[PDB]
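> When you get a sec, could you give me coordinates for this:
(chains A and B)
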There are 2 protein chains.
Amino acid sequence: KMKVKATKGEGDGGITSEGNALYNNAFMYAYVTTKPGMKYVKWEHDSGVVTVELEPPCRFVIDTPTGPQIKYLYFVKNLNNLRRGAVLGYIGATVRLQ
Amino acid sequence: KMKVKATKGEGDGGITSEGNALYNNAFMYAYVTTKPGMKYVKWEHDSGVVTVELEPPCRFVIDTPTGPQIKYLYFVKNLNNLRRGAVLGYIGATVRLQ
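Residues are numbered from 1 along each chain as shown, chains lettered A, B, ... in the order given. What follows is the structure:
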């Protein structure tokens, strides 16, 4: 079962992001945050830190009480279709509730 | 239950696309194609043709036998979160099989 863990991302010019990593067990599949341009995340391990490279993001709007907000979904490098699909399903399941 | 129907899209400079519209009953929710920049689709009705405006796309890679391929998911203008989530879940369900 998919879990979520707050995780820091970084891209060009040292711009960082905070977001949710979606993972299993602990293997990261994807990262959701509020900015474009992130290239990698610093992923907890024991340990310690593993750098996980990200694919260019999927921007998508969700409705919110303050109006539409743009989210950015980043799949991890080399992720397979089984896991890409699980990530999309998990995000779909979360988005439909809010 | 969500259905898919081949549908033509168009953007700046008259560039067109062919893609799959995801819909119910017949209310279109989203459009998946192979190019960026599409702004609207020409959506079958009886009828006839309704122009449906698209949000800027979510680019996402899927693995294929010829290597990774970039797809573009466009949600329709004003789509609510219930339907956005259903679309993401449907795409997740399709992507995990291939």
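> which bits of chain A sit near chain B?
With Cβ under 8 Å from any Cβ of the partner chain as the criterion, chain A meets chain B at residues A:55-63, A:73, A:75, A:80-82, A:84-98. For every residue, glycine as well, the C-beta is placed using N, CA and C.
> Whichever of the residues you listed end up buried, select them in PyMOL.
Provided next is the PyMOL selection string for whichever of these are buried by 16 or more other Cβ atoms under 10 Å in any protein chain shown:
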select buried, chain A and resi 55+56+57+58+59+60+61+62+63+73+75+81+84+85+86+87+88+89+90+91+92+94+95+96
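> So which of the residues of chain A next to chain B are in strands?
Counting by DSSP state E, the part of the residues of chain A next to chain B found in strands is A:58, A:59, A:60, A:61, A:62, A:73, A:75.
> so can I have JSON lines of those showing distance to residue B:31?
Written out in JSON lines, the entries for those read as follows (distance: Cβ to Cβ, whole Å):
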{"residue": "A:58", "distance to residue B:31": "14"}
{"residue": "A:59", "distance to residue B:31": "15"}
{"residue": "A:60", "distance to residue B:31": "13"}
{"residue": "A:61", "distance to residue B:31": "14"}
{"residue": "A:62", "distance to residue B:31": "18"}
{"residue": "A:73", "distance to residue B:31": "18"}
{"residue": "A:75", "distance to residue B:31": "21"}
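> Looking at the residues you listed, which is nearest residue A:27?
Closest approach between those and residue A:27, by Cβ to Cβ: residue A:75, at 12.8 Å.
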